[PDB]
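1. When you get a sec, could you give me coordinates for this:
(6 chains)
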There are 6 protein chains.
Amino acid sequence: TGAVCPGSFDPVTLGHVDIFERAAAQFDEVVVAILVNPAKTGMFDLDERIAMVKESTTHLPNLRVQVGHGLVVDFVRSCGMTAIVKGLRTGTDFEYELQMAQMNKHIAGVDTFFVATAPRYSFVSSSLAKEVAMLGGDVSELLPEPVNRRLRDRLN
Amino acid sequence: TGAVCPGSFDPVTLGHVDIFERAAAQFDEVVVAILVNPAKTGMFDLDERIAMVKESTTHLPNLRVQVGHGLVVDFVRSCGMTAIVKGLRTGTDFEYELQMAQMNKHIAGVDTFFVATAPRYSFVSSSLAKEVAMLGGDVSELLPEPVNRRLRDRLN
Amino acid sequence: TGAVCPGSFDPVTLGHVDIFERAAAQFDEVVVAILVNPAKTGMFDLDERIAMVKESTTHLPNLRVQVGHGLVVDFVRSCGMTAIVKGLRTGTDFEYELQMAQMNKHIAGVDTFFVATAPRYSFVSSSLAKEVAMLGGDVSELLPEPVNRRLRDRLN
Amino acid sequence: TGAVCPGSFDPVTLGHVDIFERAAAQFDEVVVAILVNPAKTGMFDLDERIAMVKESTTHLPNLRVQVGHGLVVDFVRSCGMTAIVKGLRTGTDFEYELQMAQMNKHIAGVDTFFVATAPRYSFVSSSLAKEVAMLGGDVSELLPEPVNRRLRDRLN
Amino acid sequence: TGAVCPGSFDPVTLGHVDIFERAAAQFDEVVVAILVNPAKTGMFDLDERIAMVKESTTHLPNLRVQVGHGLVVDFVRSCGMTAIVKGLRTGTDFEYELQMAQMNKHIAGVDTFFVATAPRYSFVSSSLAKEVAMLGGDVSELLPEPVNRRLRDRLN
Amino acid sequence: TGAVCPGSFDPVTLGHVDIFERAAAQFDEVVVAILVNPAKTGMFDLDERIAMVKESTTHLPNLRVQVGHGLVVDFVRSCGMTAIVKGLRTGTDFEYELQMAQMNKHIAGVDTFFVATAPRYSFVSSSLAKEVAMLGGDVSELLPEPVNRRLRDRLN
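-> Numbers count the residues shown, from 1 in each chain, chains lettered A, B, ... in the order given. Provided below are the atomic coordinates:
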């Protein structure tokens, strides 16, 4: 059994890591698929994002990180899998997630499972973490130390 | 007696046709108003979008297709109509549709009727259809043949 | 063309009346379907509800009032119609309404159209009006005069 | 790798079966936990519900059926599992599901996965099916044949 | 400047106390209104409910506890106040709370301010806390100690 | 006691004014925080927005207007306050608002209270007002006369 946990992960948050953990506890293997967007965004480049995920997940031996591009469903079936795990947090556009799940099931037969991230991590997102951190707000309890490290470096 | 069905229809989907059919069965006449957003393009020029809607609606003799300009409620009242029919699907920004429905009532006395599109077409949207076609996946069952016909050429 | 406006109207409100007025301007005729339900303890008896509805709708000559038993889709087709018109107000269980709409389309081909109630009557409900009224609060500007007359009577 | 699909299943529908199938494809073992309520009693007794589920899942050899009592999380941990799979349909009380998911994680470490049932099955529920069938409506495409058989008997 | 926080508080939770603290910080005075509906029954009589709120709010010198009677806004105005403070949690019927807020403004000029309860207390509710306790589970970290204390004496 | 009502107020609406009036009746003072935005195009320059807010608030002596930069919670604490009051109208992205509320509480101890805008102004927004007005529509009943004054001029 396997699941893919896709995202842009710019940077990975403890909400993500909470979801990676739950997928890794319930599936034999987990792949974190880093899907970079077209926009010249965002903050960290591709090796940094990988680095940040790897460093935050060394305690999950059945999880690995891969760069994706193209349809999530093409990548998923690439890994020889048929399931996606996605975290739900406050502000998640769940309707659009649901639309995409129904499209992905229809076009490739892939299932999407949704899981509510833990209350304490339920209000971080990559974008909101970046905004707040770069304005001198303290988000450090909500991101992994490998992320807090590069955030602080960026601050200068 | 008459209803307008506005949209960018870039391109028209079978979700839209579903709604056209409900509009056309329940009102004496229907006007599909194509309103081109100055921002974007889009993928299909005005003429194509007209042709696609026409060709997908020959089975509805009481429906006609018009290029809309300016304030939507202004277009509606210039057609002599006071009704708008709008489809609801998975991922519809319903809170916003409600706001516009209220604004439109207030400014011009135009009523908005909301209808849930059929479940099999509930996850298609023009943009998701495009993204997926762009990326290789198959959305032909969710789009009318005049569209698929023009989609697979506009991918060569 | 034709629409049915179903409900228990216990009692009818100016929210309902707004919806009625809007179905009536838009469809050739409207039937208000009063649904007796075995047996949600009601406040007013069947003919009181008929009466209040009738007395509050004297201004709409293409509207008439009937009792419905069983399936709303049976009642609708009984009237030679194929459309239902439902108001949306604050607190509407829209997800439930959507479920029933989809089921109703599937089992009988009947369309459900939803309309946003006028903002000033967006917060009335038969339930809340009853609860507030029976505790001596002033809901009179939210109900038709015929209903207000009956309400003061119960209050005694 | 195991998941519990809990519910009252009075009767099981094809939306449920869609969920069972997906659970069964993604986990090594699945337990359908039939959880009754010390209220009323529903439509079918425990044997009928067990039987209906069994007869509808003969094609999922890694799924078994069991009566449950008490906290869902106690039963889950009884099965040696730490996961729950639950379907989403229109209109699932999703916010209440989420509350329960968070409570369940907190008191027992149990994860809940939500997955959207197929569009064609997304408007059935046990309640609505029973309501519609007993009033003479055709829900047979939405329920397994072992369920349809028994409904037909009730319609006697 | 005063606010009322109304409820059945059967029993008071730390979700509630979180909300009291916020009302007590932002308003000079704060009346906790305990309203026991006729169908009150119930895991705690009025006296115990009062005691529990009293004992859980000694750290809030500007809050006091009273029995509410009748129209919620009648009671509010009788306290000389025109503000209600209502807590939001996962599972809150927010659409109905909105309806009531607007009815409340309309009838009595009472404003309702909604506040999100802290994430750690965002999934507790009086009935869930009882249900779980009743079935053996541990919710002691989500209830204040005067509640936990009296909760064990049900369980004997 | 004190609250901050933040926004880009481009331009201020009677929806805003209603919220201002309500915070001012309930807190000792209110500060309107006009937030600079380096992205979002925008229509009126900072001084016009201040002016329009000032001129539409002459009747609330305990309200004043300031420009904010950076974190809302920094602005709030800057004013010696710990409370933010936001309006809810139809179309508000409440989920996003709730995410920020939780984030703001966590990084700074600041509370966010939400209050439902009056029904008559429940469908104006700066964006929709601007879009309607610049296409020749009549939104004058939904904005303060000082704004209607400036909007006429732009309509040129």
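2. For chain A, just list every one of the strands.
-> For chain A, strands defined by DSSP state E occupy the ranges A:2-7, A:29-35, A:63-68, A:83-88, A:111-116.
3. The last one near chain D anywhere?
-> Yes - taking C-beta under 8 Å from any C-beta of the partner chain as the criterion, strand A:111-116 and chain D are in contact, through A:111-116. C-beta coordinates here come from the backbone N, C-alpha and C atoms, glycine included.
4. anything in that strand near chain B?
-> No - residues of strand A:111-116 are not located near chain B by C-beta under 8 Å from any C-beta, the shortest gap being 11.9 Å.
5. Return the distance of stretch A:89-107 from the chain's centre.
-> Relative to its chain's centre, stretch A:89-107 lies at 15 Å (C-alpha atoms, centre = their mean, to the nearest Å).
6. Give me the phi and psi angles of the nearest residue to residue A:95 once chain neighbours are set aside.
-> Excluding the flanking residues, the one nearest residue A:95 by C-beta to C-beta, 6 or more residues apart in numbering or on different chains is residue B:91, at 4.8 Å. Backbone torsions of residue B:91, given as degrees, to the nearest 10, read phi 90, psi 0.
7. my guess is residue B:91 meets residue A:102, correct?
-> No - contact between residue B:91 and residue A:102 fails when scored by C-beta atoms under 8 Å: they sit 9.2 Å apart.
8. Determine the residues that are contacts of both of those two.
-> residue B:123 (C-beta atoms under 8 Å, 6 or more residues apart in numbering or on different chains).
9. okay, the angle between the longest helix along chain A and strand A:83-88?
-> When chain A is scanned for its longest helix (criterion: DSSP state H), the result is helix A:94-108. For helix A:94-108 against strand A:83-88, the angle by axes from the mean of the first three to the mean of the last three C-alpha atoms, to 10 degrees is 170 degrees.
10. Could you export helix A:94-108 as PDB, CA atoms only?
-> C-alpha atoms of helix A:94-108 as PDB (Å, rounded to 0.1, in the frame of the first residue of the first chain):
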ATOM      1  CA  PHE A  94     -12.200  22.300   0.400                       C
ATOM      2  CA  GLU A  95     -14.700  22.700  -2.400                       C
ATOM      3  CA  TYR A  96     -11.900  23.000  -5.000                       C
ATOM      4  CA  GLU A  97     -10.100  20.100  -3.400                       C
ATOM      5  CA  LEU A  98     -13.200  18.000  -3.700                       C
ATOM      6  CA  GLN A  99     -13.600  19.100  -7.400                       C
ATOM      7  CA  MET A 100     -10.100  18.000  -8.100                       C
ATOM      8  CA  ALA A 101     -10.500  14.700  -6.200                       C
ATOM      9  CA  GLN A 102     -13.600  13.900  -8.400                       C
ATOM     10  CA  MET A 103     -11.700  14.900 -11.600                       C
ATOM     11  CA  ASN A 104      -8.700  12.800 -10.500                       C
ATOM     12  CA  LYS A 105     -10.900   9.700  -9.700                       C
ATOM     13  CA  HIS A 106     -12.600  10.100 -13.100                       C
ATOM     14  CA  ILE A 107      -9.500  10.500 -15.300                       C
ATOM     15  CA  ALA A 108      -7.100   8.000 -13.700                       C
END
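11. before we move on, the earlier item: okay, the strands of chain A in CSV with mean neighbour count and distance to residue B:18 next?
-> Listed next are the strands of chain A as CSV, based on neighbours: other C-beta atoms under 10 Å in any protein chain shown; distance: least, C-beta to C-beta, whole Å:
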stretch, mean neighbour count, distance to residue B:18
strand A:2-7, 23, 30
strand A:29-35, 22, 31
strand A:63-68, 17, 33
strand A:83-88, 23, 28
strand A:111-116, 25, 24
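12. nearest to residue D:49, of those strands?
-> strand A:111-116 (25.5 Å; C-beta to C-beta).
13. near chain F at all, that closest one?
-> No - counting by C-beta under 8 Å from any C-beta, chain F has no neighbours in strand A:111-116; the shortest distance is 13.8 Å.
14. what's the nearest residue to residue A:155 once chain neighbours are set aside in contact with, if anything?
-> Residue nearest to residue A:155 in three dimensions, not counting chain neighbours: residue A:134, with 7.1 Å by C-beta to C-beta, 6+ apart. Counting by C-beta under 8 Å, 6+ apart, residue A:134 touches A:151, A:154-155.
15. Neighbour-wise, give me the winner out of these.
-> For the contacts of residue A:134, the largest number of neighbours (other C-beta atoms under 10 Å in any protein chain shown) sits with residue A:151, at 20 neighbours.
16. and chain A, which of its residues are near chain F?
-> A:89-93, A:122-125, A:128, A:132, A:135-139, A:142.
17. among those, which are in helices?
-> The members of the residues of chain A next to chain F that map onto helices under DSSP H are A:128, A:132.
18. So what's the residue count around the residue nearest to residue A:95?
-> Considering only other C-beta under 10 Å, residue B:91 is surrounded by 22 other residues.
19. what's the answer for residue A:108, then?
-> Neighbourhood size, residue A:108 [other C-beta under 10 Å]: 16.
20. Can you tell me the closest non-neighbouring residue to it?
-> Leaving aside its chain neighbours, residue A:108 sits nearest to residue A:73 (3.7 Å; criterion: C-beta to C-beta, 6+ apart).
21. give the contact list for that neighbour.
-> Applying C-beta under 8 Å, 6+ apart, one finds that residue A:73 lies in contact with A:104, A:107-108, A:110, B:137.
22. Format those as CSV; extra columns: distance to residue C:40.
-> Shown next, in CSV, are the contacts of residue A:73 (distance: C-beta to C-beta, whole Å):
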residue, distance to residue C:40
A:104, 41
A:107, 44
A:108, 46
A:110, 43
B:137, 48
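23. which one of these sits closest to chain E?
-> Chain E lies nearest to residue A:104 out of these, by C-beta to the nearest C-beta, at 26.4 Å.
24. residues contacting the nearest residue to residue A:64 once chain neighbours are set aside?
-> Once flanking residues are discounted, residue A:64 sits nearest to residue A:31: 5.9 Å by C-beta to C-beta, 6+ apart. Neighbouring residues of residue A:31 by C-beta under 8 Å, 6+ apart: A:2-5, A:63-66, A:79, A:81.
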